[PDB]
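Below is the file run34.cif, which contains mmCIF, C-alpha atoms.
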```cif
data_work
#
loop_
_atom_site.group_PDB
_atom_site.id
_atom_site.type_symbol
_atom_site.label_atom_id
_atom_site.label_comp_id
_atom_site.auth_asym_id
_atom_site.auth_seq_id
_atom_site.Cartn_x
_atom_site.Cartn_y
_atom_site.Cartn_z
ATOM 1 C CA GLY A 25 -10.088 -1.076 -18.026
ATOM 2 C CA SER A 26 -11.396 1.567 -15.661
ATOM 3 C CA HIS A 27 -14.253 2.023 -13.169
ATOM 4 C CA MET A 28 -12.571 0.420 -10.175
ATOM 5 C CA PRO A 29 -13.996 1.812 -6.896
ATOM 6 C CA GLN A 30 -12.853 -1.388 -5.221
ATOM 7 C CA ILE A 31 -9.289 -0.197 -5.774
ATOM 8 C CA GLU A 32 -9.769 2.959 -3.689
ATOM 9 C CA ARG A 33 -11.255 0.965 -0.831
ATOM 10 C CA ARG A 34 -8.727 -1.841 -1.109
ATOM 11 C CA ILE A 35 -5.794 0.561 -0.831
ATOM 12 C CA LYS A 36 -7.104 1.877 2.474
ATOM 13 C CA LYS A 37 -7.823 -1.674 3.598
ATOM 14 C CA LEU A 38 -4.294 -2.728 2.720
ATOM 15 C CA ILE A 39 -2.698 0.002 4.780
ATOM 16 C CA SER A 40 -5.225 -0.699 7.523
ATOM 17 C CA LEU A 41 -4.318 -4.375 7.578
ATOM 18 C CA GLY A 42 -0.654 -3.540 8.040
ATOM 19 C CA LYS A 43 -1.631 -1.084 10.726
ATOM 20 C CA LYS A 44 -3.593 -3.888 12.397
ATOM 21 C CA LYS A 45 -0.712 -6.245 11.860
ATOM 22 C CA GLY A 46 1.721 -3.866 13.478
ATOM 23 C CA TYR A 47 3.589 -1.676 11.025
ATOM 24 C CA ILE A 48 2.461 0.381 8.076
ATOM 25 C CA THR A 49 4.732 -1.299 5.566
ATOM 26 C CA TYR A 50 4.547 -2.795 2.070
ATOM 27 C CA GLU A 51 5.950 -6.001 3.558
ATOM 28 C CA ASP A 52 3.555 -5.741 6.507
ATOM 29 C CA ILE A 53 0.708 -5.874 4.035
ATOM 30 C CA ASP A 54 2.269 -9.047 2.649
ATOM 31 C CA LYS A 55 2.345 -10.402 6.192
ATOM 32 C CA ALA A 56 -1.283 -9.318 6.561
ATOM 33 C CA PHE A 57 -2.148 -11.910 3.893
ATOM 34 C CA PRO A 58 -4.755 -13.005 3.352
ATOM 35 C CA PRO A 59 -5.876 -9.398 2.784
ATOM 36 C CA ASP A 60 -9.099 -7.942 1.450
ATOM 37 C CA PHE A 61 -7.767 -7.805 -2.110
ATOM 38 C CA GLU A 62 -10.505 -8.511 -4.660
ATOM 39 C CA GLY A 63 -7.969 -8.514 -7.429
ATOM 40 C CA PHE A 64 -4.257 -8.347 -7.814
ATOM 41 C CA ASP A 65 -3.409 -5.433 -10.081
ATOM 42 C CA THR A 66 -0.202 -3.788 -11.249
ATOM 43 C CA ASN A 67 -2.364 -0.682 -11.501
ATOM 44 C CA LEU A 68 -3.132 -1.072 -7.813
ATOM 45 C CA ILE A 69 0.554 -0.808 -6.972
ATOM 46 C CA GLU A 70 0.881 2.579 -8.665
ATOM 47 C CA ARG A 71 -2.577 3.530 -7.413
ATOM 48 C CA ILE A 72 -1.617 2.802 -3.809
ATOM 49 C CA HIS A 73 1.360 5.159 -4.000
ATOM 50 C CA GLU A 74 -0.611 7.923 -5.728
ATOM 51 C CA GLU A 75 -3.384 7.665 -3.104
ATOM 52 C CA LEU A 76 -0.518 7.688 -0.660
ATOM 53 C CA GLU A 77 0.378 11.188 -1.813
ATOM 54 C CA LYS A 78 -2.970 12.673 -2.916
ATOM 55 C CA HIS A 79 -5.140 10.935 -0.332
ATOM 56 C CA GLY A 80 -2.423 10.788 2.289
ATOM 57 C CA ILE A 81 -2.523 7.083 3.127
ATOM 58 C CA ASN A 82 0.354 6.266 5.472
ATOM 59 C CA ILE A 83 2.471 3.341 4.336
ATOM 60 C CA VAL A 84 6.206 2.725 4.370
ATOM 61 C CA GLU A 85 8.371 0.965 1.794
ATOM 62 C CA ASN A 86 10.904 -0.277 4.357
ATOM 63 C CA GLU A 87 13.435 0.432 1.632
ATOM 64 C CA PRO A 88 16.114 3.007 2.584
ATOM 65 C CA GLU A 89 15.264 5.352 -0.274
ATOM 66 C CA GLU A 90 16.118 8.145 2.126
ATOM 67 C CA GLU A 91 19.895 7.944 1.983
ATOM 68 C CA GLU A 92 22.844 10.266 1.354
ATOM 69 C CA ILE A 93 26.367 9.599 2.622
ATOM 70 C CA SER A 94 25.615 6.138 4.038
ATOM 71 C CA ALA A 95 25.869 7.212 7.666
ATOM 72 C CA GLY A 96 22.530 6.771 9.379
#
```
Final structure tokens representation of the file:
Amino acid sequence: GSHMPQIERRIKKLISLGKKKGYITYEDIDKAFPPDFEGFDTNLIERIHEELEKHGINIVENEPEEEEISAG
């Protein structure tokens, strides 16, 4: 279950769609639907976030996973 170049492209497309839609957000991709997704893959979800770090693709979770003392 490898050899998926369409994944690499799709990730960039997904972030691009949200960027087109307005915000670079996981939910904004959902609102971009229908997207360019050739396949829906659980692998894609992890692969998006890895490409996010290694490739640098800008996308936000919208989730406040940047929190401390609950004052911001």
Residue IDs satisfying the PyMOL selection byres ((chain A and resi 87-96) around 10), as a CSV table (one decimal) with C-alpha atoms, in the frame of the given file:
```
chain,number,residue,atom,x,y,z
A,49,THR,CA,4.7,-1.3,5.6
A,50,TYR,CA,4.5,-2.8,2.1
A,84,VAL,CA,6.2,2.7,4.4
A,85,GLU,CA,8.4,1.0,1.8
A,86,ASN,CA,10.9,-0.3,4.4
```
Would you list the contacts of residue 68 in chain A as a PyMOL selection string, taking every protein, DNA or RNA residue within 9 Å and counting all atoms listed in the file, but skipping same-chain residues closer than 5 positions in sequence? chain A and resi 31-32+34-35+63+73
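Relative to CA of residue 58 in chain A, CA of residue 77 in chain A is found at 25.3 Å.
Taking CA of residue 27 in chain A and CA of residue 56 in chain A as endpoints, the distance between them is 26.2 Å.
Checking A:46, A:82, A:67, A:60 one by one against residue 26 in chain A, counting only C-alpha atoms, you find the shortest gap at A:67.
Between CA of residue 79 in chain A and CA of residue 65 in chain A there is a distance of 19.1 Å.
Distances from A:53, A:28, A:41, A:36 to residue 76 in chain A were compared using all atoms listed in the file, and the smallest one belongs to A:36.
Residue nearest residue 33 in chain A, chosen from A:64, A:47, A:72, A:57 and counting only C-alpha atoms: A:72.
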How big is the axis-aligned box around all listed atoms of range 51-61 of chain A once 6 Å goes on each side, and where's its centre, in Å to one decimal, as AutoDock Vina command-line options?
```
--center_x -1.6 --center_y -9.4 --center_z 2.2 --size_x 27.0 --size_y 19.3 --size_z 20.7
```
My structure is short of atoms at range 39-64 of chain A; please model N, CA, C and O atoms there, returning them as a compact mmCIF listing (two decimals), in the coordinates of the input.
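Dumped everything to part_9.txt:
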```txt
# COMPACT_ATOMS: atom_id res chain seq x y z
N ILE A 39 -3.45 -0.73 3.79
CA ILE A 39 -2.70 0.00 4.78
C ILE A 39 -3.25 -0.28 6.17
O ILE A 39 -2.51 -0.39 7.15
N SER A 40 -4.57 -0.44 6.25
CA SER A 40 -5.22 -0.70 7.52
C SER A 40 -4.79 -2.05 8.07
O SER A 40 -4.50 -2.19 9.25
N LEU A 41 -4.72 -3.04 7.19
CA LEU A 41 -4.32 -4.38 7.58
C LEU A 41 -2.92 -4.36 8.16
O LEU A 41 -2.68 -4.97 9.20
N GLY A 42 -2.01 -3.62 7.53
CA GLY A 42 -0.65 -3.54 8.04
C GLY A 42 -0.63 -2.84 9.37
O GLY A 42 0.13 -3.19 10.27
N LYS A 43 -1.50 -1.86 9.50
CA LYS A 43 -1.63 -1.08 10.73
C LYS A 43 -2.16 -1.98 11.85
O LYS A 43 -1.77 -1.85 13.00
N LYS A 44 -3.06 -2.88 11.48
CA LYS A 44 -3.59 -3.89 12.40
C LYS A 44 -2.51 -4.88 12.76
O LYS A 44 -2.38 -5.31 13.91
N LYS A 45 -1.75 -5.24 11.75
CA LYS A 45 -0.71 -6.24 11.86
C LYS A 45 0.44 -5.74 12.71
O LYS A 45 1.10 -6.52 13.41
N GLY A 46 0.68 -4.45 12.67
CA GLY A 46 1.72 -3.87 13.48
C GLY A 46 2.34 -2.63 12.86
O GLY A 46 2.32 -1.55 13.46
N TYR A 47 2.89 -2.77 11.67
CA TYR A 47 3.59 -1.68 11.02
C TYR A 47 2.93 -1.33 9.71
O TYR A 47 2.42 -2.19 9.01
N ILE A 48 2.96 -0.06 9.36
CA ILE A 48 2.46 0.38 8.08
C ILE A 48 3.55 0.23 7.02
O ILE A 48 4.28 1.17 6.72
N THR A 49 3.63 -0.95 6.44
CA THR A 49 4.73 -1.30 5.57
C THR A 49 4.23 -2.14 4.40
O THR A 49 3.28 -2.90 4.54
N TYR A 50 4.88 -1.99 3.24
CA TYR A 50 4.55 -2.80 2.07
C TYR A 50 4.67 -4.28 2.40
O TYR A 50 3.81 -5.09 2.03
N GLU A 51 5.73 -4.63 3.12
CA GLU A 51 5.95 -6.00 3.56
C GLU A 51 4.94 -6.42 4.63
O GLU A 51 4.56 -7.59 4.70
N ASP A 52 4.53 -5.47 5.45
CA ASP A 52 3.56 -5.74 6.51
C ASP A 52 2.18 -6.06 5.93
O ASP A 52 1.39 -6.78 6.53
N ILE A 53 1.90 -5.50 4.78
CA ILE A 53 0.71 -5.87 4.04
C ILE A 53 0.82 -7.32 3.57
O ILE A 53 -0.13 -8.09 3.65
N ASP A 54 2.00 -7.67 3.05
CA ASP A 54 2.27 -9.05 2.65
C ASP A 54 2.06 -10.00 3.81
O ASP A 54 1.54 -11.09 3.65
N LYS A 55 2.48 -9.56 4.99
CA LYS A 55 2.35 -10.40 6.19
C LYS A 55 0.91 -10.39 6.71
O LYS A 55 0.52 -11.22 7.53
N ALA A 56 0.13 -9.42 6.23
CA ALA A 56 -1.28 -9.32 6.56
C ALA A 56 -2.10 -10.36 5.80
O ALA A 56 -3.24 -10.66 6.17
N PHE A 57 -1.51 -10.90 4.73
CA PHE A 57 -2.15 -11.91 3.89
C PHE A 57 -2.70 -13.05 4.75
O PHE A 57 -2.04 -13.53 5.67
N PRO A 58 -3.93 -13.52 4.46
CA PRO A 58 -4.76 -13.00 3.35
C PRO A 58 -5.37 -11.64 3.65
O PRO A 58 -5.85 -11.38 4.76
N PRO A 59 -5.35 -10.73 2.66
CA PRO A 59 -5.88 -9.40 2.78
C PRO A 59 -7.27 -9.32 2.18
O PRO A 59 -7.89 -10.35 1.91
N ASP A 60 -7.75 -8.12 1.95
CA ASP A 60 -9.10 -7.94 1.45
C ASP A 60 -9.09 -7.75 -0.07
O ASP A 60 -10.08 -7.32 -0.65
N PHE A 61 -7.96 -8.07 -0.69
CA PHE A 61 -7.77 -7.80 -2.11
C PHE A 61 -8.76 -8.61 -2.97
O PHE A 61 -8.83 -9.83 -2.89
N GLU A 62 -9.56 -7.89 -3.74
CA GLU A 62 -10.50 -8.51 -4.66
C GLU A 62 -9.81 -8.94 -5.94
O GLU A 62 -10.27 -9.82 -6.66
N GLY A 63 -8.68 -8.31 -6.21
CA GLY A 63 -7.97 -8.51 -7.43
C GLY A 63 -6.54 -8.12 -7.22
O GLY A 63 -6.25 -7.24 -6.42
N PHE A 64 -5.63 -8.78 -7.88
CA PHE A 64 -4.26 -8.35 -7.81
C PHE A 64 -3.93 -7.58 -9.09
O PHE A 64 -4.03 -8.12 -10.19
```
